[PDB]
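Written out below as structure tokens is the structure these notes cover.
Note that each Cβ is placed from the backbone with ideal geometry, even for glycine, and that neighbours are counted across all protein chains shown. Bear in mind that the values in this text are calculations on the coordinates, not laboratory data.
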């Protein structure tokens, strides 16, 4: 029965972001938006890039997305937008000129320089005069760790998002059978940043259909060394996951405590025991690295 795994693999640092993670509005070979006039009567052509936050939407009643505004491949403005999850209206924007401080968002504009020149969000398609404000970002069908994920893709290849890289982790269960756990990852929009999911085979868990175990944002140093794993392993130390026994029922909580989301639980049919597994991504000889070389699994150690 597997209790500890060591992942030895490299993720190529120059791996380009997938369109499903960072979506440029419009057709290939032409700017997203043309002849956008700023408050100083100057016209621009802009690229508009919506990016997934890597954090499950909705957040406090809103669908949140990252936004970059680019001119000739240079970011002139950036921030986060939040659309009402029910009504699809823009609710808040932190889009401001790049490097701005303090960040000063607007429901109708963004600054494009420190001098305070602005453009209209509507001319960028971030707001919609003839429909739902979120129409153009919704068209991008962006990654979501909860509703449009790599685990969704594993279950149905027409759904969710295909990973940039995967590490398969074979577990021996309490019966000696082999359960495959997979670490699925996407290059994130941030520097040295990746979106990650841990997942069992779809159907191997009783508590969902796609087999997702956990999700998290993984960060690397500028030198390609693992920096942190976000909430991928929760707050465990050492980093670990626990998959509950077949037939495990979480007791009803006593109400200062709140009922935790149903934890990963082995399918009834498997009839196997709780499996707590340390997952070591930072060993001295190996570990999960992010150098500019081929994405590759060097080896996976198990006990």
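Out of all the residues in the stretch 80-97, which are within 21 Å of residue 34 (Cα to Cα) and either in contact (Cβ under 8 Å) with a residue 60 or more places away in the chain or in a strand (DSSP E or B) (or both)?
The answer is 96, 97.
Is it fair to say residue 263 is out of contact with any strand residue (DSSP E or B) (no Cβ under 6 Å at 6 or more places or on another chain) and assigned to a loop (DSSP other than H, G, I, E, B)? The answer is no for residue 263.
Residues in the stretch 247-266 that are over 25 Å from residue 280 (Cα atoms) and surrounded by 10 or more Cβ atoms within 10 Å (Cβ to Cβ): 247, 248, 250, 253, 259.
Just checking, does the stretch 234-244 include any residue being on the phi < 0 side of the Ramachandran plot, in contact (Cβ under 8 Å) with a residue 24 or more places away in the chain and touching a helix residue (DSSP H, G or I) at 6+ places or on another chain (Cβ under 6 Å)? No: the stretch 234-244 contains no residue that is on the phi < 0 side of the Ramachandran plot, in contact (Cβ under 8 Å) with a residue 24 or more places away in the chain and touching a helix residue (DSSP H, G or I) at 6+ places or on another chain (Cβ under 6 Å).
Looking across the stretch 270-302, the residues that are under 19 Å from residue 218 (Cβ atoms), touching a strand residue (DSSP E or B) at 6+ places or on another chain (Cβ under 9 Å) and in a loop (DSSP other than H, G, I, E, B) come down to 281, 282, 283, 286, 287, 290, 291, 293, 294, 295. If you go through the stretch 132-150 one residue at a time, do you hit one that is assigned to a strand (DSSP E or B) and within 21 Å of the chain's Cα centre (by Cα)? Taking every residue of the stretch 132-150 in turn, at least one turns out to be assigned to a strand (DSSP E or B) and within 21 Å of the chain's Cα centre (by Cα).
Taking the stated definitions as given, is residue 247 outside any strand (DSSP E or B), touching a strand residue (DSSP E or B) at 6+ places or on another chain (Cβ under 9 Å), over 29 Å from residue 14 (Cα atoms) and free of Cβ contacts under 8 Å to residues at least 60 places away in the same chain?
On the way: outside any strand (DSSP E or B): yes; touching a strand residue (DSSP E or B) at 6+ places or on another chain (Cβ under 9 Å): yes; over 29 Å from residue 14 (Cα atoms): yes; free of Cβ contacts under 8 Å to residues at least 60 places away in the same chain: yes.
Answer is yes for this residue.
Within the stretch 1-60, the set of residues being exposed (fewer than 13 other Cβ atoms within 10 Å of the Cβ), free of Cβ contacts under 8 Å to residues at least 24 places away in the same chain and assigned to a loop (DSSP other than H, G, I, E, B) comprises 27, 28, 29, 30, 41, 60. Among the numbered conditions (1) in contact (Cβ under 8 Å) with a residue 24 or more places away in the chain; (2) surrounded by fewer than 21 Cβ atoms within 10 Å (Cβ to Cβ); (3) not in a loop (DSSP other than H, G, I, E, B), the only one that residue 183 does not meet is (2). Restricting to the stretch 118-140, name every residue that is within 15 Å of residue 87 (Cα to Cα) and surrounded by fewer than 15 Cβ atoms within 10 Å (Cβ to Cβ). Listed by number, the residues that qualify are 129, 130, 131, 135.
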